[PDB]
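The chain that follows stands alone, in the form solved without this ligand, written as structure tokens.
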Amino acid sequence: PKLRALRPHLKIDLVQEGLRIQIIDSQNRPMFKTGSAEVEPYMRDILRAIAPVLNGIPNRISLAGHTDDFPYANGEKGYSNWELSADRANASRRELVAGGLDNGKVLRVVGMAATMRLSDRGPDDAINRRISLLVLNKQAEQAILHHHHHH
């Protein structure tokens, strides 16, 4: 019934590095109030809903935030998309943990700002605001583990 409402927000697909779960915004429905890193009610439900499922998968997670709220012609000297994307990723992280997801599964939190946007400013830029959960392969995990021992 309400799976029609999840359909334009929950984007699941298989990626080389593993299982990517994207929670994207709509024109009429955002997962976060514009400029805010506070979880919207509907966003709260989705994260607590997939948390018990993800906890059943023996693999670890990487969280990445994407946001288009603040300008990037900004110069980004104060609170920008970098802080916002990182905060929204961590906000999603806290909800997942509250949903029953073991905290030990979290491996990385990433702020992407708007560097990975798909649309320009306009009636389509809702897709630029998304949270990406990446359930990693054992090989992809080993690569990232290795990379951040170099970082």
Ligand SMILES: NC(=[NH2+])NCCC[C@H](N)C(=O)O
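Here the rigid core means the biggest group of C-alpha atoms that line up within 1.5 Å when the two forms are laid on top of each other. The first residue of the shown sequence is 1; numbering continues from there.
We do not show the form solved in complex with this ligand, though everything after this point is about it.
- Counting ligand atoms within 2.4 Å of backbone or C-beta atoms, the overlay of this ligand from its pose in the deposited complex onto the shown chain yields 3 or more, and the pocket is blocked.
- Not one of 54, 59 and 102 places a heavy atom within 4.5 Å of this ligand in the deposited complex.
- Using a 4.5 angstroms threshold between heavy atoms, residue 47 stays clear of this ligand in the deposited complex.
- This ligand is not shown here, and in the deposited complex it never comes within 4.5 Å of any heavy atom of residue 78.
- Using a 4.5 angstroms limit between non-hydrogen atoms, residue 115 is distant from this ligand in the deposited complex.
- Not displayed here, this ligand is kept clear of residue 92 by more than 4.5 Å at the level of heavy atoms in the deposited complex.
- Contact annotation for 29 to 63: residues with any non-hydrogen atom within 4.5 angstroms of this ligand in the deposited complex are 33, 34, 35, listed in sequence order.
- Superposing the two forms on their core leaves just one of 100, 104, 122, 41 with a Cα displacement of at least 2 Å between this form and the one not shown, namely 122.
- Core-superposed comparison between this form and the one not shown: CA of residue 55 displaced by less than 2 Å.
- After superposing the rigid core, the Cα of residue 90 is displaced by less than 2 Å between this form and the one not shown.
- Superposed on the core, the two forms differ at residue 24: its CA moves 2 Å or more between this form and the one not shown.
- In the deposited complex, the Cα atoms of residue 85 and residue 27 sit 3 Å or more farther from each other than they do here.
- In the deposited complex, the Cα positions of residue 37 and residue 73 lie at least 3 Å nearer to each other than in the form displayed.
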